[PDB]
Amino acid sequence: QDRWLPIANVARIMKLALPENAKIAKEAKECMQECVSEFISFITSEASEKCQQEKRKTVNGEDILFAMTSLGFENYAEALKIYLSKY
Amino acid sequence: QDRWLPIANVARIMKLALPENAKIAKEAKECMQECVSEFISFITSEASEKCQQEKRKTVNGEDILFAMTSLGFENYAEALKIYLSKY
Amino acid sequence: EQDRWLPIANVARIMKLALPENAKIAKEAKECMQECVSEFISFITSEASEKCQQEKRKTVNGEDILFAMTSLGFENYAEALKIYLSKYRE
Amino acid sequence: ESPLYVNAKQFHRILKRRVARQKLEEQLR
Amino acid sequence: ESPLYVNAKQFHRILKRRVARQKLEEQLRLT
Amino acid sequence: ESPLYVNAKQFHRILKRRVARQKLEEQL
Amino acid sequence: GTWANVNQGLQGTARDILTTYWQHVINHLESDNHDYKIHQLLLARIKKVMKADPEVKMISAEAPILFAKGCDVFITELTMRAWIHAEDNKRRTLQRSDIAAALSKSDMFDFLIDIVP
Amino acid sequence: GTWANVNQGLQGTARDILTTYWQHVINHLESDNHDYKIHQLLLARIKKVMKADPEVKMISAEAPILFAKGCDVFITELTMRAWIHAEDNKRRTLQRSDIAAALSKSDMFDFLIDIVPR
Amino acid sequence: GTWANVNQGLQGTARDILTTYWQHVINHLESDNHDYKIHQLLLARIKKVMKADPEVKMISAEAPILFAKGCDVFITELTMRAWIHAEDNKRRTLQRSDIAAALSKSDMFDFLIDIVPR
DNA sequence: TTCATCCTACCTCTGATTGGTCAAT
DNA sequence: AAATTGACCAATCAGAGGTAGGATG
Ligand SMILES: [Cl-]
Ligand SMILES: [Cl-]
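Chains as they are written, first to last, in the numbering used here: chain C, 1 to 87; chain S, 1 to 87; chain F, 1 to 90; chain Z, 1 to 29; chain B, 1 to 31; chain H, 1 to 28; chain Y, 1 to 117; chain R, 1 to 118; chain U, 1 to 118.
In structure tokens:
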């Protein structure tokens, strides 16, 4: 289970994404769960390799933003940079 | 409060009375608690008045049974009679 | 036997007092702390014990515990309890 | 909804429990 | 259905995640 | 995970407690 | 006569089942090896219900022990009577209206008309 | 170029709405008063996904917080991209095939080719 | 120096709170009217822990009294050190892993390497 | 084709159960 | 001090009701 984000939180965000009338198939929720969980694992694997090769043990915010840029999530990296500078 | 038996014990007896897959509404548990608590208070009050009228201070097993018989719980009196004589 | 551990109710009471009044403690946290503080005793006592055998003495005393505490890098514990031990004897 | 005659073995004890429950509630408050 | 070239920024990390994912399955079925 | 050098004041007493702990566990 | 209350107001298989439940209760009470130390917390609380009545003074140890057994039977038989009404509405969750419906089948339950109006 | 992914693969009304949704996200992150509040159970679950990778040793407290927010945006965008295919088929129920269809429109999602075969 | 262990591995507010805890412990041990009469069962159990070592022969009445006091300080400072990790993870329940995390911040706790594997 | 109205099957979301710690005994 | 059990909180799961999507004419 530790591979996947919990499904209830995923289903809540999807419901807010959709019009009031909309239903979501159980299959659709499970799929979205696997997708967002790979999104984390994917970016984190990139960030983690760069840390190991620069002899740092701590994966920090800049490592996640740098990895998003590398992997072609530039819109995510720039939008979230603003969020991180306030932290 | 002193008026009511604790609800966990009541809920446990109810769960054992129902099929293994049955659910019990909170309101059903709370209702059964009030019922069984009055069952005690009702029989006890009849036993307690007979004691006062016959100037006795202690209420004993045979008074509970005599009160159950007079109040129309005859099955409860006759079944528990057998139990009292073993005690 | 299993006399290797302090009783857990005393450990959990001291822990409860260390935390904000509305904190909770997991059973496994209490058990962990119980083993930690019991090795704290065994670890120090073993050092104090060896020195006693090497100086041919039979009794382990208060000075021996404090000396073992400084030896093992529990200097703050030895210095704070020094004050306490002096008062015990006067 | 509300019947005049109930169990003949219980009626008198029901009336008394109504009185005893009212007292408890007024002594509670 | 399955293409030879994918997003050039992502392709290598994809090959590595295929390996890292295989090794998670090796342990789960073992244990 | 398992370091070569630990606290210099404690190392030798740690080694000795590992021996003493196995022997206590030998009774069972 | 003495067992009229066992199946009063029940028809069909419910009748046989409540009857068989009482037979099972009676055989149990007829057994020779009773353990008369039910939890001190439950017997303490039974006694506190009895002592809420100002008229009550002293209570025999015998009395709470009779009510412990009696209250187990009462809850069991009323729950089983109430389940009938949940099964008829094709429900798996027992509701308050199932206890109310059950009470209305037998005048043994008339003492509860203010508790469950 | 760094906003290319916002509408890559979308046509007509869908382009405007996903663009507007991204303007909404950026306005939100630019605001001055952030909680940075994560539920304990979500925080422990993000760390556990990251930690499943043996190469990951220690994680900063700010990393799970970035992912909390990024995963909100990822779910919403993809759900909104998926819904288009549900509307096209005049359906009220979003299905797995709507997500599959959404993934195929942008190469940003190539990383998911083994998670959703299509 | 002597008090290095009070603060070893702690940062920010935790550092002042553990130092203030130790100043409170020292004020208490410096007070002139101690009661050395601690419960028969706790001192029976302390002696039994000491006596579990075959190398120990006879134990002074002083030794168990030093440990009763020392163990209260040990438990308190480690629980307070472990609570920091509970707060960092937005939790109000202390877990075993909060204790493990606290042991890793100071080499004073190296003696517990086999009691709490980490 | 476009309705009218069933039925069947799935999803929703309230509310019941579960898991685990405190408090009382 | 240790074990047992009720109460309670937060997190999860299940079922009772609601809506979709299909069948028929
Ligand atoms: Cl019995
Ligand atoms: Cl925020």
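Think of the CB as a built atom: it goes at the ideal place given N, C-alpha and C, for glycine as much as any other residue.
*Contact list for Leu24 of chain H against chain U, beta-carbon separation under 9 angstroms*: Near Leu24 of chain H (Cβ distances below 9 angstroms), the residues of chain U are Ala52, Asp53 and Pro54.
_Span of the alpha helix (DSSP H), counted from its first residue to its last, around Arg12 of chain S_ = Its alpha helix (DSSP H) spans residues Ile7 to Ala17.
*Could you give the distance in angstroms between the alpha-carbon of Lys24 of chain F and the alpha-carbon of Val6 of chain U?*
25 angstroms
*asked:* Is the beta carbon of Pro64 of chain Y closer than 9 angstroms to that of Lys23 of chain Z?
replied: no
_Listed by chain order, chain Y residues near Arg13 of chain Z by CB distance under 8 angstroms_ = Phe111
*Could you tell me if the beta carbon of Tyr77 of chain F falls within a distance shorter than 8 angstroms of some heavy atom in ligand 2?*
no
*Closer than 7 angstroms at the beta carbon, the chain S residues around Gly70 of chain Y*: Residues of chain S passing the Cβ test: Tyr76 and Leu80.
*Compare the C-beta of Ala61 of chain R against all C-beta atoms of chain U and say whether one is closer than 9 angstroms.*
yes
*asked:* Let me see if you follow: with CB-CB separation under 9 angstroms, is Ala101 of chain Y close to chain S or not?
replied: no
*Starting from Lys23 of chain S, follow its DSSP beta bridges and name the residues at the other end.*
Y:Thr93
*Tell me, please, whether the segment 4–24 of chain U touches the segment 76–93 of chain U by the rule of three or more beta-carbon pairs shorter than 8 angstroms.*
Touching, yes, given that three or more Cβ pairs across the two stretches are closer than 8 angstroms.
*Beta bridge counterpart(s) of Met58 of chain R as assigned by DSSP*: C:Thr58
*Using the beta-carbon of each residue, which ones in chain H are nearer than 9 angstroms to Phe43 of chain F?*
Neighbourhood of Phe43 of chain F in chain H, by CB distance below 9 angstroms: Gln10, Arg13, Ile14 and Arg17, in chain order.
*Looking at the C-beta of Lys48 of chain U, does it have a partner C-beta in chain F at a distance below 9 angstroms?*
yes
*Are the beta-carbon atoms of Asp2 of chain S and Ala68 of chain Y separated by less than 9 angstroms?*
Note that the C-beta distance between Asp2 of chain S and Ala68 of chain Y is not below 9 angstroms.
*Quick one: which chain H residues come within Cβ less than 7 angstroms of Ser71 of chain F?*
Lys9
*Counting Cβ pairs, one atom from each stretch, are 3 or more of them under 8 angstroms apart for the segment 93–109 of chain U and the segment 25–32 of chain F?*
yes
*asked:* Cutting at 7 angstroms between CB atoms, please list the residues of its own chain near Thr20 of chain R, excluding the five before and the five after it.
replied: Once the five neighbours on either side are set aside, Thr20 of chain R has no close Cβ partner at all.
*What number of angstroms, rounded off, separates the C-alpha of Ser37 of chain C from the C-alpha of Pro6 of chain C?*
9 angstroms
*asked:* Going by DSSP in three states, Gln40 of chain Y sits in which element: helix, strand or coil?
replied: helix
*9 angstroms Cβ cutoff met for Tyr83 of chain S and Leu43 of chain Y*: No, the Cβ-Cβ distance between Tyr83 of chain S and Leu43 of chain Y is not below 9 angstroms.
*Any chance the CB of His39 of chain Y is under 8 angstroms from a heavy atom of ligand 1?*
no
*Do residue 88 of chain S and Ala77 of chain S have their CB atoms nearer than 9 angstroms?*
Residue 88 of chain S falls outside the range modelled here, since chain S spans only 1 to 87, and no answer is possible.
*Tell me whether the beta-carbon of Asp63 of chain S lies closer than 9 angstroms to the beta-carbon of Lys50 of chain S.*
yes
*What are the boundary residues of the alpha helix (DSSP H) that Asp16 of chain Y is part of?*
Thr13 to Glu30
*Would you mind telling me which residues of chain B sit closer than 9 angstroms to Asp114 of chain R, beta carbon to beta carbon, in chain order?*
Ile14, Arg17, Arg18 and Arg21
_Helix, strand or coil for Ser48 of chain C? Go by DSSP, reduced to three states._
helix
*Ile41 of chain F and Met50 of chain U: beta carbons closer than 9 angstroms?*
By the CB criterion at 9 angstroms, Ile41 of chain F and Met50 of chain U fall inside the cutoff.
*Sub-9 angstroms separation of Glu34 of chain C and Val56 of chain R beta-carbons*: no
*Assigned secondary structure, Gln1 of chain S (DSSP; H/G/I helix, E/B strand, else coil)*: coil
*Residues in the segment 45–73 of chain C with C-beta within 7 angstroms of chain B's C-beta atoms, listed in sequence order?*
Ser45, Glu46, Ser70, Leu71 and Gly72
_Less than 9 angstroms between CB atoms is the rule here; does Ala14 of chain U satisfy it with respect to chain F?_
Interface flag for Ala14 of chain U against chain F is unset, since no Cβ pair is found closer than 9 angstroms.
*Proximal residues of chain R, C-beta to C-beta of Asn89 of chain U below 8 angstroms*: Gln40, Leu43 and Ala44
*According to a CB-to-CB cut-off of less than 8 angstroms, which residues of the segment 15–35 of chain U neighbour chain F?*
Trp22, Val25, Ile26, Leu29, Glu30, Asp32 and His34
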